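Asker: Got a structure for you, start_6.txt, holding compact mmCIF, C-alpha atoms.
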```txt
# COMPACT_ATOMS: atom_id res chain seq x y z
CA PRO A 5 43.60 -21.35 -6.62
CA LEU A 6 45.69 -23.58 -8.89
CA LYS A 7 43.91 -24.91 -11.96
CA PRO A 8 43.92 -28.76 -12.01
CA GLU A 9 46.70 -28.98 -14.62
CA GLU A 10 49.14 -26.72 -12.73
CA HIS A 11 48.52 -28.69 -9.53
CA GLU A 12 48.97 -31.94 -11.46
CA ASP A 13 52.41 -30.88 -12.69
CA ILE A 14 53.49 -30.24 -9.10
CA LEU A 15 52.29 -33.69 -8.01
CA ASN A 16 54.25 -35.18 -10.92
CA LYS A 17 57.39 -33.34 -9.83
CA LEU A 18 56.86 -34.66 -6.32
CA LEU A 19 56.71 -38.21 -7.69
CA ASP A 20 60.50 -38.17 -8.25
CA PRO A 21 62.26 -39.46 -5.10
CA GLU A 22 65.60 -38.04 -6.25
CA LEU A 23 64.18 -34.54 -6.62
CA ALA A 24 66.27 -32.02 -4.68
CA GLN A 25 65.00 -31.53 -1.12
CA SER A 26 64.94 -27.79 -1.79
CA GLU A 27 62.53 -28.11 -4.72
CA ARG A 28 60.52 -30.79 -2.91
CA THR A 29 59.98 -28.55 0.12
CA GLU A 30 59.16 -25.66 -2.23
CA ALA A 31 56.46 -27.71 -3.96
CA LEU A 32 54.95 -29.07 -0.76
CA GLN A 33 54.81 -25.57 0.73
CA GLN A 34 53.21 -24.46 -2.53
CA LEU A 35 50.55 -27.12 -1.96
CA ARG A 36 49.89 -26.14 1.67
CA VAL A 37 49.59 -22.45 0.83
CA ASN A 38 47.37 -23.29 -2.14
CA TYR A 39 45.09 -25.49 -0.02
CA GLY A 40 44.81 -22.74 2.58
CA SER A 41 43.94 -20.11 -0.01
CA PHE A 42 41.48 -22.53 -1.62
CA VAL A 43 39.70 -23.14 1.68
CA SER A 44 39.62 -19.39 2.36
CA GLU A 45 38.16 -18.58 -1.07
CA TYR A 46 35.68 -21.43 -0.60
CA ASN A 47 34.40 -20.08 2.72
CA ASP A 48 34.28 -16.60 1.20
CA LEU A 49 32.08 -18.13 -1.49
CA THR A 50 29.82 -19.80 1.10
CA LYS A 51 29.19 -16.61 3.06
CA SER A 52 28.90 -14.54 -0.13
CA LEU A 53 26.25 -17.07 -1.18
CA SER A 54 24.32 -16.77 2.08
CA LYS A 55 24.39 -12.99 1.60
CA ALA A 56 22.56 -13.32 -1.73
CA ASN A 57 20.12 -16.00 -0.58
CA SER A 58 19.13 -13.81 2.37
CA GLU A 59 18.21 -11.21 -0.25
CA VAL A 60 16.23 -13.86 -2.11
CA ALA A 61 14.03 -14.42 0.95
CA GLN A 62 14.18 -10.68 1.68
CA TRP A 63 12.44 -9.82 -1.58
CA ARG A 64 10.28 -12.93 -1.44
CA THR A 65 8.65 -11.16 1.51
CA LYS A 66 9.39 -7.50 0.72
CA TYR A 67 7.32 -7.02 -2.43
CA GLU A 68 5.12 -10.01 -1.60
CA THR A 69 3.55 -8.09 1.28
CA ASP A 70 3.76 -4.94 -0.83
CA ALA A 71 1.54 -6.60 -3.42
CA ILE A 72 -1.22 -7.26 -0.89
CA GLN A 73 -0.75 -3.85 0.71
CA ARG A 74 -0.84 -1.94 -2.59
CA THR A 75 -3.99 -3.90 -3.46
CA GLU A 76 -5.51 -2.68 -0.18
CA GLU A 77 -4.44 0.87 -1.07
CA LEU A 78 -6.24 0.50 -4.42
CA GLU A 79 -9.56 -0.79 -3.11
CA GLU A 80 -9.35 2.02 -0.54
CA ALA A 81 -9.64 4.67 -3.25
CA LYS A 82 -12.31 2.57 -4.95
CA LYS A 83 -14.55 2.37 -1.87
CA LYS A 84 -14.05 6.05 -1.00
CA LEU A 85 -14.90 7.43 -4.43
CA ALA A 86 -17.77 4.93 -4.47
CA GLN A 87 -19.29 6.52 -1.37
CA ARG A 88 -18.82 9.96 -2.93
CA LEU A 89 -20.24 8.82 -6.29
CA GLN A 90 -23.33 7.41 -4.59
CA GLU A 91 -23.95 10.28 -2.17
CA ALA A 92 -23.80 12.52 -5.23
CA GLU A 93 -25.94 10.38 -7.56
CA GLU A 94 -28.65 10.17 -4.89
CA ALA A 95 -28.85 13.93 -4.38
CA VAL A 96 -29.06 14.14 -8.17
CA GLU A 97 -32.29 12.18 -8.52
CA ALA A 98 -33.61 13.66 -5.28
CA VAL A 99 -33.56 17.25 -6.53
CA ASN A 100 -34.43 15.91 -9.99
CA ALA A 101 -37.68 14.59 -8.57
CA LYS A 102 -38.17 17.87 -6.70
CA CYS A 103 -37.69 19.78 -10.00
CA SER A 104 -40.15 17.45 -11.75
CA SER A 105 -42.51 18.40 -8.92
CA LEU A 106 -42.13 22.14 -9.42
CA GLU A 107 -42.98 21.58 -13.09
CA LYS A 108 -46.34 20.09 -12.09
CA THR A 109 -46.89 23.03 -9.75
CA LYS A 110 -46.15 25.33 -12.71
CA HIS A 111 -48.74 23.66 -14.94
CA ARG A 112 -51.39 23.53 -12.19
CA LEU A 113 -50.98 27.25 -11.49
CA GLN A 114 -50.96 28.12 -15.19
CA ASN A 115 -54.24 26.22 -15.48
CA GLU A 116 -55.69 28.33 -12.66
CA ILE A 117 -54.44 31.50 -14.39
CA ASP A 118 -55.97 30.64 -17.77
CA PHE A 119 -59.21 29.73 -15.97
CA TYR A 120 -59.74 32.94 -13.99
CA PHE A 121 -58.49 34.98 -16.95
CA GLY A 122 -61.16 33.16 -18.95
CA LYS A 123 -63.87 34.32 -16.55
CA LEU A 124 -62.58 37.90 -16.58
CA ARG A 125 -62.41 37.82 -20.38
CA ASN A 126 -66.01 36.64 -20.73
CA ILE A 127 -67.19 39.38 -18.37
CA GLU A 128 -65.17 41.93 -20.37
CA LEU A 129 -66.75 40.78 -23.64
CA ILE A 130 -70.23 41.03 -22.10
CA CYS A 131 -69.42 44.60 -21.04
CA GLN A 132 -68.04 45.52 -24.47
CA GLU A 133 -71.24 44.26 -26.07
CA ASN A 134 -73.69 46.32 -23.99
CA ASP A 139 -76.40 49.80 -16.92
CA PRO A 140 -75.90 50.85 -13.28
CA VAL A 141 -73.55 48.16 -11.96
CA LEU A 142 -71.77 48.02 -15.31
CA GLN A 143 -70.19 51.48 -15.12
CA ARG A 144 -68.76 50.38 -11.78
CA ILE A 145 -67.47 47.08 -13.19
CA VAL A 146 -65.78 49.14 -15.93
CA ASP A 147 -64.44 51.42 -13.21
CA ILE A 148 -62.70 48.28 -11.93
CA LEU A 149 -60.83 48.04 -15.23
CA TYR A 150 -59.99 51.19 -17.24
CA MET B 4 34.47 -34.68 1.84
CA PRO B 5 37.56 -32.49 1.18
CA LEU B 6 40.19 -33.15 3.85
CA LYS B 7 40.65 -30.70 6.71
CA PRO B 8 43.87 -28.61 6.44
CA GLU B 9 45.38 -30.71 9.24
CA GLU B 10 44.87 -34.02 7.39
CA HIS B 11 46.23 -32.48 4.18
CA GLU B 12 49.25 -31.25 6.12
CA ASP B 13 49.66 -34.76 7.53
CA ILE B 14 49.98 -35.98 3.95
CA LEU B 15 52.42 -33.27 2.80
CA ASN B 16 54.65 -33.94 5.82
CA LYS B 17 54.83 -37.59 4.77
CA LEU B 18 55.79 -36.44 1.28
CA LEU B 19 58.70 -34.38 2.67
CA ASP B 20 60.76 -37.53 3.32
CA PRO B 21 62.99 -38.63 0.40
CA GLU B 22 63.28 -42.07 2.02
CA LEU B 23 59.55 -42.73 1.65
CA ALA B 24 58.67 -45.83 -0.39
CA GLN B 25 57.56 -45.17 -3.97
CA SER B 26 54.33 -47.09 -3.39
CA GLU B 27 53.46 -44.89 -0.42
CA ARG B 28 54.66 -41.75 -2.21
CA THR B 29 52.53 -42.53 -5.26
CA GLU B 30 49.57 -43.28 -2.97
CA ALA B 31 49.92 -40.00 -1.05
CA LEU B 32 50.20 -38.05 -4.30
CA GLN B 33 47.06 -39.72 -5.68
CA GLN B 34 45.32 -38.88 -2.40
CA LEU B 35 46.19 -35.23 -2.98
CA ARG B 36 45.03 -35.55 -6.59
CA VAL B 37 41.60 -37.01 -5.85
CA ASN B 38 40.97 -34.78 -2.83
CA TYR B 39 41.84 -31.72 -4.92
CA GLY B 40 39.45 -32.85 -7.65
CA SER B 41 36.57 -33.33 -5.23
CA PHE B 42 37.32 -29.96 -3.63
CA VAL B 43 37.34 -28.06 -6.94
CA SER B 44 34.13 -29.83 -7.97
CA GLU B 45 32.50 -28.77 -4.69
CA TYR B 46 33.85 -25.27 -5.33
CA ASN B 47 32.35 -25.18 -8.83
CA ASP B 48 28.96 -26.35 -7.58
CA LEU B 49 29.22 -23.54 -5.03
CA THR B 50 30.00 -20.92 -7.69
CA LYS B 51 27.13 -22.04 -9.91
CA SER B 52 24.78 -22.02 -6.92
CA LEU B 53 25.93 -18.46 -6.19
CA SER B 54 25.02 -17.48 -9.74
CA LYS B 55 21.65 -19.18 -9.25
CA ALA B 56 21.02 -17.05 -6.15
CA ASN B 57 22.28 -13.80 -7.67
CA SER B 58 20.06 -14.35 -10.71
CA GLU B 59 17.05 -14.40 -8.39
CA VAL B 60 18.33 -11.37 -6.49
CA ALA B 61 18.75 -9.45 -9.75
CA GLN B 62 15.38 -10.92 -10.65
CA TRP B 63 13.33 -9.49 -7.77
CA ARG B 64 15.39 -6.29 -7.68
CA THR B 65 13.94 -5.35 -11.08
CA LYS B 66 10.84 -7.56 -11.38
CA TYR B 67 8.52 -5.97 -8.83
CA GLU B 68 10.46 -2.74 -9.20
CA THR B 69 8.64 -2.39 -12.51
CA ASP B 70 5.52 -3.45 -10.60
CA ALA B 71 6.04 -0.35 -8.47
CA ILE B 72 5.72 1.87 -11.55
CA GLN B 73 3.00 -0.39 -12.95
CA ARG B 74 0.58 -0.09 -10.03
CA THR B 75 1.69 3.46 -9.24
CA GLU B 76 0.26 4.68 -12.53
CA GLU B 77 -2.57 2.15 -12.87
CA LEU B 78 -3.81 3.29 -9.46
CA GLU B 79 -4.10 6.77 -10.91
CA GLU B 80 -5.90 5.08 -13.80
CA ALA B 81 -8.81 4.78 -11.37
CA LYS B 82 -7.98 7.95 -9.43
CA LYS B 83 -8.27 10.06 -12.59
CA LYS B 84 -11.24 8.26 -14.12
CA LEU B 85 -13.74 8.88 -11.32
CA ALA B 86 -12.46 12.33 -10.36
CA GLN B 87 -14.14 13.21 -13.66
CA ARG B 88 -17.35 11.22 -13.20
CA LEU B 89 -17.73 12.58 -9.66
CA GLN B 90 -17.40 16.00 -11.28
CA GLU B 91 -20.12 15.11 -13.79
CA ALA B 92 -22.53 14.01 -11.05
CA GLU B 93 -21.75 16.92 -8.72
CA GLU B 94 -22.32 19.29 -11.65
CA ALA B 95 -25.58 17.68 -12.74
CA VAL B 96 -26.69 18.28 -9.14
CA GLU B 97 -26.39 22.06 -9.25
CA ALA B 98 -27.46 22.23 -12.88
CA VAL B 99 -30.88 20.87 -11.99
CA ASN B 100 -30.65 22.82 -8.71
CA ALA B 101 -30.34 26.03 -10.74
CA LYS B 102 -33.20 25.07 -13.04
CA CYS B 103 -35.24 24.19 -9.94
CA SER B 104 -34.58 27.55 -8.27
CA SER B 105 -35.78 29.18 -11.48
CA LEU B 106 -38.90 27.04 -11.14
CA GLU B 107 -39.39 28.47 -7.65
CA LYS B 108 -39.25 32.00 -9.08
CA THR B 109 -41.79 30.92 -11.71
CA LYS B 110 -44.03 29.37 -9.04
CA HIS B 111 -44.22 32.56 -6.98
CA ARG B 112 -44.74 34.71 -10.09
CA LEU B 113 -47.64 32.57 -11.32
CA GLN B 114 -49.23 32.52 -7.87
CA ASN B 115 -49.05 36.32 -7.87
CA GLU B 116 -50.85 36.39 -11.23
CA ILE B 117 -53.55 34.09 -9.85
CA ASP B 118 -54.06 36.37 -6.85
CA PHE B 119 -54.33 39.35 -9.20
CA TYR B 120 -57.05 37.92 -11.47
CA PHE B 121 -58.91 36.19 -8.62
CA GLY B 122 -58.91 39.49 -6.75
CA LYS B 123 -60.40 41.41 -9.68
CA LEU B 124 -63.03 38.69 -9.98
CA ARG B 125 -63.95 38.99 -6.30
CA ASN B 126 -64.34 42.75 -6.72
CA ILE B 127 -66.76 42.22 -9.61
CA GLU B 128 -68.55 39.65 -7.44
CA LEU B 129 -68.96 42.26 -4.72
CA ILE B 130 -70.52 44.66 -7.21
CA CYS B 131 -72.85 41.88 -8.39
CA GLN B 132 -73.70 40.77 -4.85
CA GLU B 133 -74.85 44.31 -4.14
CA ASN B 134 -77.17 44.90 -7.11
CA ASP B 139 -79.58 44.54 -14.01
CA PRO B 140 -79.99 43.12 -17.52
CA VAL B 141 -76.25 42.85 -18.26
CA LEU B 142 -75.70 41.67 -14.70
CA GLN B 143 -77.82 38.57 -15.34
CA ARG B 144 -75.54 37.70 -18.26
CA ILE B 145 -72.50 38.25 -16.06
CA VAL B 146 -74.10 36.18 -13.28
CA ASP B 147 -74.80 33.42 -15.83
CA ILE B 148 -71.06 32.77 -15.67
CA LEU B 149 -71.65 31.71 -12.08
```
Turn this file's structure into structure tokens for me.
Answerer:
Amino acid sequence: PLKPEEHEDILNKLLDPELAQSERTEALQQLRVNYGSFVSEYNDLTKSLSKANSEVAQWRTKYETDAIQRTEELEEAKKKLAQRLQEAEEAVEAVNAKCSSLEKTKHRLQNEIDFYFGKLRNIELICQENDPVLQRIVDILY
Amino acid sequence: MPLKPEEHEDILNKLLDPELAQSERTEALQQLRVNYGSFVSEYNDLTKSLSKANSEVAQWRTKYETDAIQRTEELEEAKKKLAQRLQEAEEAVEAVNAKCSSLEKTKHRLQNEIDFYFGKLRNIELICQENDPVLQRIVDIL
């Protein structure tokens, strides 16, 4: 397309009525061709604009739904590993309590042991210190 | 506002005549002038608008493209963090499970000891239940 100055010069040439008909026709044809090309380039610009704007909306919905969706995909992992974390951390304290139980069993039984061993020990001492039944009781031990 | 190619042509055709009055010739030429100005202004607005659209296209093309990377790794920020804690819990589980099994072994062992000593005692108690001076001392435990 002709820059305003170039176009202006042509108009100025056309102002002269005694300009040769050859040159006059040349200039007017120049103007028609230029106007045609200008319209063409203009429409090209319009459609080439719509092409970009369509991409504007395109991405205004493309990664706008992708934001929400990726958020969903995040909280997915969160919830899952939360269920795993909990189902683990419950078993933990479950068998922890069970262990703490077996400890009490251990101490109870050790008490019983020390007790009966105490009785046996007292009997043993009595035997070491001193008739019929005794030899038999000592035959129990040896 | 810019004239349709047909109107424009209708002006140029008038300008072809060398016997056109200078007033009318000047007027036609100024018509072309003004129309051309308005058309190139419209064109410029169009170009600038195109840049305004393309700037937004090039905006979203990169903007949430970095968001892709962003959330791609910061998702794994949570994926990696609790794949370690889940490990910690699931390992605590079988740690105390192991200890607890050991406590089962201990339980049975101790119970065996109890049965041993208690048994010996019952034997002695048989001997005592059957039958003299030492035996009164041994009975004095009961």
Asker: Using only C-alpha atoms, which of A:14, A:37, A:78, A:47 sits nearest chain B?
Answerer: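 Among the listed residues, A:78 lies closest to chain B.
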Asker: Within 9 Å of (44.3, -31.1, -8.0) (coordinates as in the file), grab all the protein and nucleic acid residues, counting all atoms listed in the file, and write them out as JSON, numbers by chain.
Answerer: {"A": [6, 7, 8, 9, 10, 11, 12, 15], "B": [35, 36, 37, 38, 39, 40, 41, 42, 43]}
Asker: I'd like to know which of A:101, A:61, A:72, A:92 is closest to chain B, using all atoms listed in the file.
Answerer: A:92
Asker: Write out as a Markdown table the residues of chain B that have any atom within 6 Å of an atom of chain A, one row each with the nearest atom pair and its distance in Å to one decimal, counting all atoms listed in the file, sorted by chain and then rising number.
Answerer:
```
| residue | atom | partner | partner_atom | distance |
| --- | --- | --- | --- | --- |
| B:21 | CA | A:21 | CA | 5.6 |
| B:53 | CA | A:53 | CA | 5.2 |
| B:56 | CA | A:57 | CA | 5.7 |
| B:57 | CA | A:56 | CA | 6.0 |
| B:60 | CA | A:60 | CA | 5.5 |
| B:89 | CA | A:89 | CA | 5.6 |
| B:93 | CA | A:92 | CA | 6.0 |
| B:96 | CA | A:96 | CA | 4.9 |
| B:103 | CA | A:103 | CA | 5.0 |
| B:110 | CA | A:110 | CA | 5.9 |
| B:117 | CA | A:117 | CA | 5.3 |
| B:145 | CA | A:127 | CA | 5.9 |
```
Asker: Calculate how many Å separate atom CA of residue B:107 from atom CA of residue B:122, rounding to one decimal.
Answerer: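 For atom CA of residue B:107 relative to atom CA of residue B:122, the distance reads 22.4 Å.
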Asker: Expressed in Å to a single decimal, how great is the separation between atom CA of residue B:101 and atom CA of residue B:113?
Answerer: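 Interatomic distance here is 18.5 Å.
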Asker: Quick one: distance from atom CA of residue B:58 to atom CA of residue B:77 in Å, one decimal?
Answerer: 28.1 Å
Asker: Which residue, B:81, B:33, B:4, B:71, has the smallest gap to residue A:84 when you use only C-alpha atoms?
Answerer: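 The closest residue to residue A:84 is B:81.
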Asker: Using only C-alpha atoms for the distances, tell me which of A:147, A:65, A:48, A:108 is nearest to residue B:49.
Answerer: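 Among A:147, A:65, A:48, A:108, it is A:48 that comes nearest to residue B:49.
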Asker: Go through A:87, A:143, A:26, A:38 and flag the residue nearest residue B:11, using all atoms listed in the file for the distances.
Answerer: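 Answer, going by the shortest atom-to-atom distance: A:38.
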Asker: Could you give me stretch 9-22 of chain B completed to N, CA, C and O atoms, formatted as a compact mmCIF listing (two decimals), in the coordinates of the input?
Answerer:
```txt
# COMPACT_ATOMS: atom_id res chain seq x y z
N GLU B 9 44.50 -29.93 8.38
CA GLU B 9 45.38 -30.71 9.24
C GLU B 9 45.71 -32.07 8.62
O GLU B 9 46.86 -32.51 8.65
N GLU B 10 44.69 -32.73 8.06
CA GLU B 10 44.87 -34.02 7.39
C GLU B 10 45.79 -33.86 6.17
O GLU B 10 46.76 -34.61 5.99
N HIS B 11 45.45 -32.87 5.35
CA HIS B 11 46.23 -32.48 4.18
C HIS B 11 47.70 -32.27 4.55
O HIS B 11 48.61 -32.82 3.90
N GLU B 12 47.91 -31.48 5.59
CA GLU B 12 49.25 -31.25 6.12
C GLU B 12 49.92 -32.56 6.52
O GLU B 12 51.12 -32.75 6.28
N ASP B 13 49.15 -33.45 7.13
CA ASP B 13 49.66 -34.76 7.53
C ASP B 13 50.12 -35.57 6.33
O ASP B 13 51.02 -36.40 6.45
N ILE B 14 49.52 -35.32 5.17
CA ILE B 14 49.98 -35.98 3.95
C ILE B 14 51.26 -35.34 3.41
O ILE B 14 52.25 -36.03 3.10
N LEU B 15 51.25 -34.01 3.30
CA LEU B 15 52.42 -33.27 2.80
C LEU B 15 53.68 -33.59 3.60
O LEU B 15 54.76 -33.82 3.03
N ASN B 16 53.54 -33.61 4.93
CA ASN B 16 54.65 -33.94 5.82
C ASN B 16 55.25 -35.31 5.50
O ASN B 16 56.47 -35.48 5.53
N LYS B 17 54.38 -36.28 5.20
CA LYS B 17 54.83 -37.59 4.77
C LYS B 17 55.61 -37.47 3.47
O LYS B 17 56.63 -38.13 3.28
N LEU B 18 55.13 -36.61 2.58
CA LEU B 18 55.79 -36.44 1.28
C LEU B 18 57.15 -35.75 1.38
O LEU B 18 57.97 -35.87 0.46
N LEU B 19 57.40 -35.04 2.47
CA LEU B 19 58.70 -34.38 2.67
C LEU B 19 59.89 -35.35 2.66
O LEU B 19 60.98 -35.00 2.19
N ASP B 20 59.68 -36.56 3.18
CA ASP B 20 60.76 -37.53 3.32
C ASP B 20 61.18 -38.14 1.98
O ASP B 20 60.35 -38.72 1.28
N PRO B 21 62.47 -38.00 1.62
CA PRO B 21 62.99 -38.63 0.40
C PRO B 21 63.18 -40.14 0.55
O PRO B 21 63.38 -40.83 -0.45
N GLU B 22 63.12 -40.64 1.78
CA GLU B 22 63.28 -42.07 2.02
C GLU B 22 61.92 -42.75 2.21
O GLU B 22 61.83 -43.80 2.84
```
